[PDB]
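This report concerns only the one structure given below.
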Protein chains: 2
Amino acid sequence: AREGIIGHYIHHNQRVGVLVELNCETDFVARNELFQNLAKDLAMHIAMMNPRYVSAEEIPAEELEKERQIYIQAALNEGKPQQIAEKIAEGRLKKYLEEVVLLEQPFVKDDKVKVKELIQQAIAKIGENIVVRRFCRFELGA
Amino acid sequence: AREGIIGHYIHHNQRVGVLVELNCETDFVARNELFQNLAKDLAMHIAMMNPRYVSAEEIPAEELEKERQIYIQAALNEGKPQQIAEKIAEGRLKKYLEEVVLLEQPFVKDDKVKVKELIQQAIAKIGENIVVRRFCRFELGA
């Protein structure tokens with residue numbers, strides 16, 4: 001069975017809302033405010049940063065390749081030979097992962113830390129494995 | 001463009017959370033507490049009642065038929081001839097719609113009103129078309 005909480009964040013303008021399931025090992029940690037603040041902060045980060053996936057593995061190979069091809073064609077359209085265009089696309093893909101993947105995004109409260117490192121920091125402090133299971137972000141009109 | 005708000009409800013035990021996009025015609029109504037209370041109440045209803053769809057049209061024909069066949073086979077397994085089993089299944093399907101469809105569920109704050117009628121009541125009072133666009137319900141461990 002899963003332990004943890006459903007963290008959330010509702011923007012003051014009530015135009016953006018997020019729910020996030022943050023899992024841990026025990027109800028004791030789940031009830032703890034340190035863990036509760038982490039779920040709350042993750043929910044706020046998601047609302048502000050709009051990631052589409054929790055992790056890189058969730059991106060469809062077709063979605064990834066299409067984006068990569070856009071990068072490639074653009075460079076090719078710049079007169080860049082295939083080999084260069086591929087390296088350029090390589091870099092833009094890394095950026096693309098930071099645009100859409102939660103764990104790869106710099107944390108809203110400290111952009112010097114990626115969300116995945118924030119999580120490792122929490123596991124080290126708290127002492128239990130912590131996992132962001134899923135999240136849902138609704139934005140008015142989008 | 002869409003007007004309205006993202007309503008929400010987080011259970012006190014933080015084990016269930018819901019976001020609901022409630023749409024209206026103007027920002028003036030969207031900012032209004034009557035509309036805001038309706039979005040809030042819909043979000044609470046969803047959290048407590050666990051509907052899977054907003055409306056009946058969203059149910060997969062395969063999901064519906066499978067459920068209907070369970071009803072039918074059960075009655076057939078009771079020695080009920082096909083014609084009777086079909087009428088029994090007909091009734092259980094109506095109930096099935098009330099189990100999983102939001103608009104067909106009796107409102108948590110007044111079970112004498114289906115959520116769809118609550119909405120018609122709000123449109124009559126408020127004076128603008130109101131639509132539940134979508135909702136997301138997260139439950140810890142489920």
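Here's how to read the names in the structure tokens: chain A, B, ... by the order shown, residue numbers from 1 in each chain, ligand numbers from 1 in the order shown.
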*Interface list for chain A, partner chain B, 7 Å threshold, only C-alpha atoms, as a ChimeraX atom specification*: /A:1-2,5-6,14-17,19,21,136,140-141
Using the selection just defined, write its residues with C-alpha atoms as an mmCIF file, in the first residue's frame.
```cif
data_model
loop_
_atom_site.group_PDB
_atom_site.id
_atom_site.type_symbol
_atom_site.label_atom_id
_atom_site.label_comp_id
_atom_site.auth_asym_id
_atom_site.auth_seq_id
_atom_site.Cartn_x
_atom_site.Cartn_y
_atom_site.Cartn_z
ATOM 1 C CA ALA A 1 0.000 0.000 0.000
ATOM 2 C CA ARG A 2 1.031 3.603 -0.650
ATOM 3 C CA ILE A 5 -0.062 12.724 0.806
ATOM 4 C CA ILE A 6 -1.759 14.495 -2.071
ATOM 5 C CA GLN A 14 -7.478 30.567 -9.211
ATOM 6 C CA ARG A 15 -6.517 30.132 -12.854
ATOM 7 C CA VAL A 16 -3.951 27.393 -12.197
ATOM 8 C CA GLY A 17 -4.164 24.384 -9.878
ATOM 9 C CA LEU A 19 -2.380 18.021 -7.321
ATOM 10 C CA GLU A 21 0.909 12.413 -5.181
ATOM 11 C CA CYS A 136 -2.219 16.965 -12.562
ATOM 12 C CA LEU A 140 -7.939 27.989 -17.153
ATOM 13 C CA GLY A 141 -8.352 28.089 -20.900
#
```
*asked:* What parts of chain A does DSSP call helix (DSSP H, G or I)? I'd like the answer as a PyMOL selection string.
replied: chain A and resi 27-31+33-49+56-58+61-76+82-100+102-104+115-126
_I'd like the neighbourhood of residue B:105 as a ChimeraX atom specification, where a residue qualifies if any of its atoms comes within 12 Å (using only C-alpha atoms), though same-chain residues fewer than 2 positions away should be ignored._
/B:42,45-46,48-56,94-103,107-118
Set the distance at 8 Å and use only C-alpha atoms: which residues neighbour residue A:35 once local chain neighbours fewer than 5 positions away are removed? I'd like the list as a PDB file with N, CA and C atoms, in the first residue's frame.
```pdb
ATOM      1  N   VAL A  29       6.005   9.745   8.593  1.00  0.00           N
ATOM      2  CA  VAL A  29       6.673  10.770   7.810  1.00  0.00           C
ATOM      3  C   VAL A  29       5.624  11.557   7.026  1.00  0.00           C
ATOM      4  N   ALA A  30       4.632  10.852   6.487  1.00  0.00           N
ATOM      5  CA  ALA A  30       3.567  11.492   5.721  1.00  0.00           C
ATOM      6  C   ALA A  30       2.876  12.634   6.493  1.00  0.00           C
ATOM      7  N   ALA A 122      15.814  15.653   0.240  1.00  0.00           N
ATOM      8  CA  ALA A 122      14.730  15.314   1.161  1.00  0.00           C
ATOM      9  C   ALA A 122      14.867  13.883   1.702  1.00  0.00           C
ATOM     10  N   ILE A 126      15.069  13.372   5.524  1.00  0.00           N
ATOM     11  CA  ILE A 126      13.959  12.601   6.094  1.00  0.00           C
ATOM     12  C   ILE A 126      14.330  11.158   6.480  1.00  0.00           C
TER      13      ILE A 126
END
```
_Picked from chain B by DSSP as strand (DSSP E or B), as a ChimeraX atom specification_ = /B:3-10,16-24,53,101,106-107,110-114,131-139
